[PDB]
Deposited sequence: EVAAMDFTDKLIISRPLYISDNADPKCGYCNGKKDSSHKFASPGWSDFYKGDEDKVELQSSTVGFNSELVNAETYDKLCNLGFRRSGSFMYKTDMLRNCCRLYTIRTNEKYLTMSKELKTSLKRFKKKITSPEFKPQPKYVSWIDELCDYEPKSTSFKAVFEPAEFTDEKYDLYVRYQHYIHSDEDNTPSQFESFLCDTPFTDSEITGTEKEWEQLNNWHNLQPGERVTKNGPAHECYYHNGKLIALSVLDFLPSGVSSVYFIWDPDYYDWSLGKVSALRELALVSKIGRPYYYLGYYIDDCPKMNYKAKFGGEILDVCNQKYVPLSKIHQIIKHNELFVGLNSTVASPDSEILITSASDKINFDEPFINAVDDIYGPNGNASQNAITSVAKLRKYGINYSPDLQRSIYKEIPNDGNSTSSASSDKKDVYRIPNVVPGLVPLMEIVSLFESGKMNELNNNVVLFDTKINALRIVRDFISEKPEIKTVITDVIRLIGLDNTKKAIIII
């Protein structure tokens, strides 16, 4: 068994509680105009907005082992890792609308602000002896010329490993952004070190890191072999002044976190590091730079739009340029795309089985599907009843409203945007496609205390079949065929 090709995960969890105080983006505080997922839900509560208590809710699973290609797939399904825990919000029920965003130098429109940050950076690290090139095609070539020649500033990629020096910088940065507690060594280790990736992706080789540390001099068409997690340490005269935590993916680079020395506030290291990482993505010849989640009404997350790009529509599993939809998500709405030329949807969009083209006209179909008189809930309730014959232990969500009006952690709601709809899970069973799990999916069976390959899925116990089906809802059938699920 080739553990380098496996996604080893624990059973999924759905965790929900009051957004005041669980949500650190909004603290549970919204105007009525930003409170609900769609106009139809706003209308449902018109004049009664005060009776809803906003919840913050996530779904996900802990990973023991994941490779970079698989984490790339997870990012492009809307997940992010928090240490080893792969999670996403419930976009229908969450207080805040979180969208996965990605960009690149093509989408980037260098603003006066951003140009100033690089101009000041060049000055801080460059000697007057520095002799500029006669011309530069682009800011990237300029950066790649002067930065490696600096004698006072050096950046170094290395394995994503704990050191006391990195931890002390983290506590100083966190105190400064007002996390004066909840910063133990163990919390820093879990969050930014001790990753779930393969040994080769963590440690690499001396030559692989050397190659990555000369990325400034890569020529068009060359690549780097690095995949997996990394730390980029910034040194000013040998002192650690910033730390970027980055995941290298086949499709690009994901920013996990960035910390810097509060004494260096005048260096605008948040903007400079983002630009350096956009240059890096371009130089290593990969297509995307992933800044995590975008929230339109949160300043601490909507700054990511300064770097341009596109937003994931998790219901269609396709990205739409942010410029095309910003106007209709600026009141915290859920967007579900539907091309203007296609019939009104009597159902959640099919994810396992045509595909939306955002370059043709489209509307937001959110209320047709997920609104108070949308079809999703009734389709899901019927599907729960159909899944009983297969030994799937789901329960119908019979409440009129998706919102809490004035807890089993293994129970996922019937309807969650971007999870495989229950109606489609039914189709997988009826067509025989669930039997494709046989000889593929593996369990770490905690009662036996051993790995075993599933050989007859439909004969497994209901508790096991229900867990496997929820993993399929989260990551899809094909990805579950390479999973090891701990049960």
Gaps in the model, given as deposited-sequence positions counted from residue 1:
1-4, 358-359, 413-426
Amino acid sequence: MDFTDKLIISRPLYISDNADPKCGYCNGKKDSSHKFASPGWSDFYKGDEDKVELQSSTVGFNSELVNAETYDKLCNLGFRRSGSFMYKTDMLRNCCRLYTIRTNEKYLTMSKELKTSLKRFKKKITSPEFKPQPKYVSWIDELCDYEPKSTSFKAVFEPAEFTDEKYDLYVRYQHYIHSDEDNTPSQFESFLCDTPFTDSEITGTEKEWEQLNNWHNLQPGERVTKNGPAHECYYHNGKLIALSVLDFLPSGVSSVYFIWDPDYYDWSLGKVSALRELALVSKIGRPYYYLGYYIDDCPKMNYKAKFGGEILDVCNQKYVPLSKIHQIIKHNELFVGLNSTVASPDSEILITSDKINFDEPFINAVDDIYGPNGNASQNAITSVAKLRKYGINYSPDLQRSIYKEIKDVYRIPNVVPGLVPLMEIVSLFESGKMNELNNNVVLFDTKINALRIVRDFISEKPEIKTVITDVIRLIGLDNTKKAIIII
From here on, numbers count along this sequence of modelled residues.
At least a third of the other entries leave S353 unmodelled:
yes
Mean Cα B factor from the PDB record: higher for 415-423, or higher for 38-46?
38-46
Out of 270-278 and 131-139, which stretch has the higher average CA B-factor listed in the record?
131-139
Highest recorded Cα temperature factor - choice among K88, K73, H178, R93:
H178
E348, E232, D297, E405, ranked by C-alpha B-factor: the highest one:
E405
Give the position of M1 by CA B-factor within its chain, expressed as the lowest, middle or highest third.
highest
Would you mind checking where the Cα B-factor of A365 ranks among the modelled residues of its chain, as the lowest, middle or highest third?
middle
Ranked against its chain, the third holding the CA B-factor of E310:
middle
Quick check on the deposited entry: does the C-alpha B-factor of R452 sit in the lowest, middle or highest third of its chain?
middle
For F153, does the deposited CA B-factor place it in the lowest, middle or highest third of the chain?
highest
